[PDB]
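Okay, structure first, notes after.
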Amino acid sequence: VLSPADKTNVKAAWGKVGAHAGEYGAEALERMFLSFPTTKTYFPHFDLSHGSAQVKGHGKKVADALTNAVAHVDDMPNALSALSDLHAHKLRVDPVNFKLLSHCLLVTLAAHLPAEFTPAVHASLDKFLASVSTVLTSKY
Amino acid sequence: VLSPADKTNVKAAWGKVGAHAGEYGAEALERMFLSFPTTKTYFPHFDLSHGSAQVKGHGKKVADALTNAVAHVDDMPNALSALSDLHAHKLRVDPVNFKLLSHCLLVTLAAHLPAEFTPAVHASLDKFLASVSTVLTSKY
Amino acid sequence: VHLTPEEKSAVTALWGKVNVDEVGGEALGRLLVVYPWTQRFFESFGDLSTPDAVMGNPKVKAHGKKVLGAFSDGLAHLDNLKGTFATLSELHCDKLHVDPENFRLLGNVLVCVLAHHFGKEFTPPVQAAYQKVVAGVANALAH
Amino acid sequence: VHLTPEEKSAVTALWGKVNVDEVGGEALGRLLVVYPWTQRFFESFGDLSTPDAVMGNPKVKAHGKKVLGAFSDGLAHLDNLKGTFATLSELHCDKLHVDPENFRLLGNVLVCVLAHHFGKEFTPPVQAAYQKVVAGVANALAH
Ligand code: HEM
Ligand code: HEM
Ligand code: HEM
Ligand code: HEM
């Protein structure tokens, strides 16, 4: 459950992220693939090398999903219903992988926005990514 | 996030639990203390022996809270607010301990209701206890 | 796993009354039902949509018999769990890519199944010794 | 922890540019802020209500210097992590009752702090090497 203060923090942080979302998501996916090779088994049809166009496109898709989740923070379960059905019913992704991807997104945000990544902003982003991860792993 | 089906399953299961809630909660607390001794550090003022009146009373309170959560499944954050502030702000309990207590409650329910503990009922109770644990581990 | 003589005697006595052919499959099916993401590893077992189809699966039953036989082999070598579960650890880590938390989940499901099948006989101390046994098994597998 | 020569060279070079006196305390403060249940352990330190009070605590800064010094001692003995962190593991398991997941959380917070301080030169390979290093440290502490 999120408060108003951290919701405002995530909204401001992602608004300041802005148009770099696609490259940030691609870099986060690359970091997840490089540091957690077990997650590579979920993408056997992808080319998982550095600078891959498929990874860049999937990162752009993930970034757009994060942007619309930020826009719909108060009503996540039904705003991300298609993704929840994709990840839980079809893909059957372990929530550990969601935790790893959230950690890699946090690392990317820290490495790209030092002034933006305050300790309060870090906590707000952490629990926002936990809320997106729980919605996408929920099966209902 | 819970579906209507597992919500109905938990409602029926706890309605059939009924008046044995206090004994079941006391036994669950005893099981948690015996199998996970690290949780005993959260109760330094209690007498944690077998058949203890303090443990029986605390189990009765926990069972009453669980019954209230069952009666208020759709609005847990607003129904368990006092307990959320108690466990998250004052007590500051690790969610691992909540997971252990949920597992011990599941073991107690399995040992006391064979006919009631169907595999679907088990899944519904697991998700219900995860939802109560998440509400009591969140900060507002 | 370090256990008292009383705990070891209690664990072995409960294990003798264990109906492996049923309880192993029951534990595997309950894992698949309560934690549906585990069906990714068992998609080759056929129909796993409904709990009744999961519990009526001969492949699930046979795999549960094999998982329980490993649990019995580990119980017979409680002082050598790491060496007993080395080939299985390699198979689960390098070949199957199973997350170690799933081992703890399966151990908890097995404990719940034992409680369901034994009732009052599965007392809080017996549950504690069994929890130590399944934690040791999970740690040996995750190595 | 097994590392390639390139990974070890990258890890050691970044560690030399690390400001211990700052980043150890900042990592501890970020752990306390993002995971507030960890303040149960740090109650002696004093005011830990607001993030600005957590990050401006001399006791938190000193304890973060000690935690980073242990991380440096572990980095200097990457092939003997289990034997290096034996006393710390005993202290954290028997005297402090700290859950092992908190070690992984602190390692992730430290990695985030390193990323925040090193920006672009914290490449994904460096992050992977540091992730497996902190994972080995957490495993040595949890033993
Ligand atoms: C944590 C936040 C996540 C978000 C916001 C997210 C979002 C998305 C989006 C937008 C798609 C595109 C679906 C489509 O184009 O049809 C997708 C697909 C997919 N996701 Fe995620 N995802 C997340 C986590 C994960 C994780 C951690 C994994 C695996 C470790 C994963 C595995 C997949 C896979 C395998 C696909 C299929 C892509 C394809 O077939 O091209 N997801 N996700
Ligand atoms: C579903 C899970 C839980 C429920 C429904 C629950 C419910 C309750 C209730 C009703 C009380 C009584 C508060 C009062 O009388 O003022 C309480 C107190 C308390 N709870 Fe929990 N609790 C849960 C989990 C836990 C766990 C896992 C722990 C520790 C490992 C814990 C630690 C405590 C402590 C230390 C108290 C104070 C009791 C006292 O001071 O007498 N709670 N909880
Ligand atoms: C204490 C926990 C576990 C034990 C003792 C155990 C034991 C075993 C055993 C005895 C086998 C048979 C290997 C063979 O016949 O060569 C096996 C295979 C396998 N295990 Fe496990 N296992 C455990 C946990 C898990 C979990 C939790 C999963 C998945 C979520 C899993 C996935 C698999 C799969 C997919 C196979 C191969 C099945 C097949 O090829 O038909 N294991 N395991
Ligand atoms: C994960 C890597 C960790 C490292 C390298 C580490 C390192 C250390 C060291 C070197 C000490 C000795 C301090 C002294 O002798 O004065 C210490 C003490 C302590 N540790 Fe850790 N620690 C870690 C994780 C944690 C975590 C995650 C927590 C709590 C959530 C924790 C709680 C404590 C506490 C409470 C003390 C005693 C502080 C005091 O008495 O003032 N440790 N740690």
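Computed over heavy atoms, backbone and side chain alike; hydrogens, waters and symmetry mates excluded. As the structure lists them, so they are numbered: ligands from 1, and atoms in each ligand from 1. In what follows, chains are A, B, ... by sequence order, proteins preceding strands, each numbered from 1.
We find that C:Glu101 and A:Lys99 are not joined by a salt bridge, their nearest charged nitrogen and carboxylate oxygen being 4.0 Å or further apart.
Within ligand 4, the atoms closer than 4.0 Å to a non-hydrogen atom of D:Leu88 are 9 (C), 10 (C), 11 (C), numbered from 1 in the order shown. Atoms of ligand 2 found under 4.0 Å from any heavy atom of B:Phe46, numbered from 1 in the order shown, are 39 (C), 41 (O). Interface atoms of ligand 4 facing D:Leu96, defined by a heavy-atom separation under 4.0 Å, are 19 (C), 20 (N), 33 (C), 34 (C), 35 (C), 36 (C). Those atoms of ligand 2 that come under 4.0 Å of a heavy atom in B:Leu86, given as number and element, are 13 (C), 18 (C). Listed by atom number, the atoms of ligand 4 under 4.0 Å from D:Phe71 heavy atoms are 2 (C), 5 (C). Atoms of ligand 4 found under 4.0 Å from any heavy atom of D:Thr38 (numbered from 1 in listed order, with element): 30 (C). For ligand 4, the atoms lying closer than 4.0 Å to a non-hydrogen atom of D:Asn102 are 27 (C), 30 (C). The ligand atoms of ligand 2 that sit less than 4.0 angstrom from a heavy atom of B:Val132 are 1 (C). Taking every non-hydrogen atom of B:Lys61 and a distance limit under 4.0 Å, the qualifying atoms of ligand 2 come out as 10 (C), 15 (O).
Neither the backbone nor the side chain of D:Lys59 has any atom closer than 4.0 Å to an atom of ligand 4 (non-hydrogen atoms only). With a 4.0 Å heavy-atom cut-off, ligand 4 is reached by the backbone of D:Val67 and by its side chain too. Contact annotation for B:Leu91 and ligand 2: only side-chain heavy atoms (C-beta onward) come within less than 4.0 Å of the ligand. With a heavy-atom cut-off of 4.0 Å, B:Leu100 does not touch ligand 2 at all. By the criterion of a heavy-atom distance under 4.0 Å, the side chain of B:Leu83, and not its backbone, is placed next to ligand 2. Residue contacts with ligand 1, taken as heavy atom pairs separated by less than 4.0 Å, involve A:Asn97 via backbone and side-chain atoms alike.
Between the side chain of B:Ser35 and the main chain of B:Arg31, a donor-acceptor pair closer than 3.5 Å is present. Within the 3.5 Å criterion, the main-chain N or O of A:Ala130 finds no donor-acceptor partner in the side chain of A:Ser102. Of the possible donor and acceptor atoms, none in the side chain of A:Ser84 sits under 3.5 Å from a partner among the backbone N and O of A:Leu80. Of the possible polar contacts, one joining the A:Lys40 side chain to the A:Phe33 backbone as a donor-acceptor pair under 3.5 Å is found.
Contact annotation: B:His58 places no N, O or S atom under 2.8 Å from atom 21 (Fe) of ligand 2.
Distances from atom 15 (O) of ligand 1 to the protein include at least one heavy-atom value under 4.0 Å.
Residue D:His92 has at least one N or O atom closer than 3.5 Å to an N or O atom of ligand 4.
Closest to atom 20 (N) of ligand 1 among all protein heavy atoms lies A:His87 NE2, 3.1 Å. Remark: minimum distance from atom 32 (C) of ligand 1 to any protein heavy atom is reached at A:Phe43 CZ, 3.7 Å. Given atom 3 (C) of ligand 1, the protein heavy atom at minimum distance is A:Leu136 CD1, 4.0 Å. Of all protein heavy atoms, the one closest to atom 28 (C) of ligand 1 is A:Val93 CG1, 4.0 Å.
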> Should A:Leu106 and D:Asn108 be marked as a side chain to side chain contact (heavy atoms under 4.5 Å, CB included) after you check the CA-CA gap, both sets of side-chain angles, and the distance that decides it?
Replying inline: CA-CA 10 Å; A:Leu106 281 173; D:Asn108 289 330; over 6 Å; no

> What's the verdict on side chain to side chain contact (heavy atoms under 4.5 Å, CB included) for D:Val133 and D:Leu81, showing C-alpha distance, side-chain angles and the deciding distance?
Replying inline: CA-CA 10 Å; D:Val133 160; D:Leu81 280 178; 5.9 Å; no

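When only modelled atom types and interatomic distance are considered, B:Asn68 and B:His72 share a side-chain donor-acceptor pair under 3.5 Å.
Contact annotation: B:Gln54 has no heavy atom less than 4.0 Å from any atom of ligand 2. The shortest heavy-atom distance from D:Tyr35 to ligand 4 is not under 4.0 Å.
The closest non-hydrogen atom to atom 5 (C) of ligand 1, taken over A:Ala65, A:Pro95, A:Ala28, comes from A:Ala65. Across the listed options A:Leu29, A:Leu101, A:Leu129, A:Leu101 owns the non-hydrogen atom lying nearest to atom 26 (C) of ligand 1.
Summarising the local packing, NZ of D:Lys66 is surrounded by 12 or fewer heavy atoms from other residues, nucleotides or ligands at distances under 6.0 Å.
The CG atom of B:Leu101 lies 4.5 Å from the CG atom of B:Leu105; values are rounded to the nearest 0.5 Å.
The aromatic rings of B:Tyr24 and B:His20 sit parallel, their planes meeting at an angle under 30°, below the 60° perpendicular limit.
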